[PDB]
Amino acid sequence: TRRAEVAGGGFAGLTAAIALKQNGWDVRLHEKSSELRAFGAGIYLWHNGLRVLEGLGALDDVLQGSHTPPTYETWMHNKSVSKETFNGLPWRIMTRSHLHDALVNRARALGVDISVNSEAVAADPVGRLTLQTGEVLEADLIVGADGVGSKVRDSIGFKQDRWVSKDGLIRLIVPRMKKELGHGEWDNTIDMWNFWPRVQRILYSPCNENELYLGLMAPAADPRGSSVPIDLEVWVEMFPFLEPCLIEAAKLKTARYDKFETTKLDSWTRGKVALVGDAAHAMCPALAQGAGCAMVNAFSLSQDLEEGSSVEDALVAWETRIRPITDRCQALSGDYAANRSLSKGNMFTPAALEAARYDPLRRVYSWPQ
């Protein structure tokens, strides 16, 4: 029986672990945290990611208790400039813990071995995984799914571009307050941009009837706009119509201002070691394909290993087949983010939705635009 060691219990690792376990691999997953959790309040998935969940036998638990807005709306200075529905392309908004719980339960149900407080600090391409405790594990496959600061990656050395954005945002979950919001289209996704009187933006994303996901974006050199817990006045000033929710947000002390880190590698594989997710391809958040591409790539990895070839050859086949979708998506996402292209609305072009349109299960592009 083939043995897999997965480093990282985020979406990438849990996806890889479940996918491999379903193919009869024996699999242990290492999470360095004392407990399995997800961070970042909310998340969008699209058709591509939802297809992975389906292939993971975890779709049902994700749809139940999540939400598809009637429309994806963009505002500039409180003026609606676009409403997009993507010609029926499936998409979904949920809390990070909602998507995460579904993945964990599915992994435990298949009998994936999960070690918490277990941190990968080095990996050898001949299939050896070194933990912080000193323990050394032999395996036929080693998946580095350990985030943007991947120690699996850096222990081996991968030529790479790695940098951090100037600005970031505060992501949080607050009650919907839908009756308090009064008249309007409050089940929509609404990207509310402003450049006057200053640069402040909210991405309003309903997760379900109870929970609203908010991304509060202001420049890092805005001492008030970037404060956590949120400086209520400067947010209520530019978003009066979101006051009830902003009030609940001011109450939260777990709130943080996060900047965005990206990584581009020349290669995602070295012998028996594969890098998936942010370890290999962290990107600007603009197209909300960060975890989708991670899940697709993780899922596609288990597929390429069902071909009868050596683990080394499958991995090279894997990357060659799957990476260009992620490359174009990261490039376009970076371009959008640095140009603030989303603020114009109607940005979800056919090209922008390429990653979203990919079906990992049948390996084709679906939902044409």
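One-based numbering along the sequence shown.
A.B. asks: If you average the CA temperature factors as listed in the entry, which stretch comes out higher, 72 to 80 or 255 to 263?
C.D. replies: Mean CA B-factor is higher for 255 to 263.
A.B. asks: Per the entry, where is the mean C-alpha temperature factor higher: 147 to 155 or 174 to 182?
C.D. replies: Higher of the two, by average CA B-factor, is 174 to 182.
A.B. asks: Out of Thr95, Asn210, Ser205, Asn297, which one has a C-alpha B factor higher than all the others in the entry?
C.D. replies: Going by the entry's C-alpha B-factors, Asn210 comes out highest.
A.B. asks: Name the one of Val112, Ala288, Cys293, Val199 with the greatest CA B-factor according to the PDB entry.
C.D. replies: In this record, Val112 carries the highest C-alpha B-factor of the candidates.
A.B. asks: Lowest, middle or highest third: where is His281 by Cα B-factor in its chain?
C.D. replies: Its C-alpha B-factor, which the entry lists for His281, ranks in the lowest third among residues of this chain.
A.B. asks: So where's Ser302 on the chain's Cα temperature factor ranking, which third?
C.D. replies: Middle third, going by the recorded CA B-factors of the chain.
A.B. asks: Would you please rank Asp191 by its C-alpha temperature factor against the other modelled residues of its chain and give the third it falls in: lowest, middle or highest?
C.D. replies: Within its chain, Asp191 is a lowest-third residue by C-alpha B-factor, going by the deposited values.
A.B. asks: Comparing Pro240 with the other modelled residues of its chain, is its CA B-factor in the lowest, middle or highest third?
C.D. replies: Its C-alpha B-factor, which the entry lists for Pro240, ranks in the highest third among residues of this chain.
A.B. asks: If you rank the chain by CA B-factor, which third does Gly65 end up in: lowest, middle or highest?
C.D. replies: Its C-alpha B-factor, which the entry lists for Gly65, ranks in the middle third among residues of this chain.
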